[PDB]
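One chain is shown next in structure tokens, namely the form deposited in one PDB entry.
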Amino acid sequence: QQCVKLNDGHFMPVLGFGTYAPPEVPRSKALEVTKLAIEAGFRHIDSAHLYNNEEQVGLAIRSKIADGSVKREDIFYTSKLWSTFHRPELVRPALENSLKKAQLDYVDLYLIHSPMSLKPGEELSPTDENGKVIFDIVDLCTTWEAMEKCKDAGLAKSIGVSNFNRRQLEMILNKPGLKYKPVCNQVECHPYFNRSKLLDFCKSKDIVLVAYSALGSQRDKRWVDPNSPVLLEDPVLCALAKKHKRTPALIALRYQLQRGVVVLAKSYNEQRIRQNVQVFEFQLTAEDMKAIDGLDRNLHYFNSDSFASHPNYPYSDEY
């Protein structure tokens, strides 16, 4: 397992474990799978306030340190600030609670989960009588400045963003008095949505692209595009799998690794968890890479169309 140096000087394992699982999955599973992930070789763990699993994931991390398997410095742990906590005065308090939940002194990375602000309050998804999500209006530069203060204090080793498009990134990059550039931009990235233009832009600013839904997505009927094709069923990925004697998932992950993208992989299956670390055991040829590049269809699995009205909807621009 290799790492990538952040514009922070910090190192980020290029292979990360995705801890999100739908609410139907017992909260107890997050604890077991994260430990299995660690034992399998994962050193980068991705969590968030939205996942409602920080206590478990954090406990899983501390259990692996306690049993002497790893050192805190060996694990790269990240959490995120939910959209209902974008308001400046709510940022540090959010990070501290996340730290308390995980029982950690610092988070390796803290991200602004999404540029789309939501009504502050208790609800993760505040909605009106019509089931419509209530938006909020916040200057993300102030959210970022609060983010910087958390790094100043040592609560976060690095800080970055997620789901930002070029315009939104430039906004932070061009902010006067900027103290810290985001070390990354975690976005949806897979062969059907390879984000080539955004990727090249991020590299030009020394911002690493971290891919999520890299194995497709979990395809939750509540949140996925019903008409979207199944990535792991792709005939090209499957042909490549056969050629390399690997799996479509391994092919999709390796693709990201070779174009300089940090890849996340969520699995709550012990055998698939262990299979996923095999992404380091082989490599795709330039022609393999070329064929995969051609699969891009600007497809995002998240069925967000109903939020395109949000002024900060990231998918309104080319990239």
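By rigid core we mean the largest C-alpha set that fits within 1.5 Å across both forms. Residues that one form lacks are left out of the comparison. Heads up: residue numbers just count along the shown sequence, starting at 1.
Keep in mind that the form deposited in another entry is not shown, yet the notes after this line are about it.
- Taking the core as reference between this form and the one not shown, the lone member of 71, 179, 132, 242 whose Cα moves by 2 Å or more is 132.
- With the core superposed, residue 11 shows a C-alpha displacement below 2 Å between this form and the one not shown.
- In the core-superposed comparison between this form and the one not shown, the C-alpha atom of residue 306 has shifted by at least 2 angstroms.
- In a core-based superposition, a mobile segment is defined as at least three consecutive common residues whose CA atoms each shift by 2 Å or more; between this form and the one not shown, such segments span 127-133, 304-309.
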